[PDB]
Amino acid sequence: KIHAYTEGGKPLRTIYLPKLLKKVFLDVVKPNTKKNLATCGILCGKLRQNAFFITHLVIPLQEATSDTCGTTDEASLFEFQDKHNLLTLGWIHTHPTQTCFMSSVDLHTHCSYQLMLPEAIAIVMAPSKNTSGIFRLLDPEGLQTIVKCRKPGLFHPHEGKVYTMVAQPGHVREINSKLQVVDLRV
């Protein structure tokens, strides 16, 4: 009954998000959150009858500070996803003490995911605020701003609106579906 469109009028397919995922993520990375360290994860799943289902939350090998996190062994992540035929549907990460928003770095990261899958989503958890948000770039205009960007500085701003929250009912729908958590860390 509910069909979503980008800013340029392209159809977005629905992504079914397990209700438990946000909470389970917070629990699984809680140790880090406690040491004021950020953590990221990959939202993995399958395409069935023109809709995507998130089935796996994958915690990759990574490094972190109180305000950054990054993967360090993407080959191990590829091997897991390839063996299990899991698509990359988006990503999730914490802002242990900051508000819920997409940073410059966050947008540069997400742009590439969203170029590769128009439906891709970025989930940002702000546990110290008990807030969270599901974001994507504006398409095409936000994607264009970030693709053409050549500004240095981890915190550089961009001209114009670049991103938005996914709408409610949306292309993302939160459903009572099962979830597997895969921790590729030591």
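Quick note: we count residues from 1 along the sequence shown, nothing fancier.
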Mean C-alpha B-factor comparison - 27 to 35 and 42 to 50, higher one: 27 to 35
Between 170 to 178 and 13 to 21 (mean CA B-factor, as deposited), the higher: 170 to 178
Member of 160, 133, 60, 118 with the greatest C-alpha B factor (per the PDB record): 160
Residue, from 123, 64, 147, 138, that the PDB entry assigns the highest Cα B-factor: 64
Relative C-alpha B-factor of residue 56, binned into the chain's lowest, middle or highest third: lowest
Residue 109 - Cα temperature factor, lowest/middle/highest third of chain: lowest
Position of residue 142 among the chain's modelled residues by C-alpha B-factor, lowest, middle or highest third: lowest
B-factor third for the C-alpha atom of residue 76 within its chain: middle
Among modelled residues of the same chain, the CA temperature factor third for residue 88: lowest
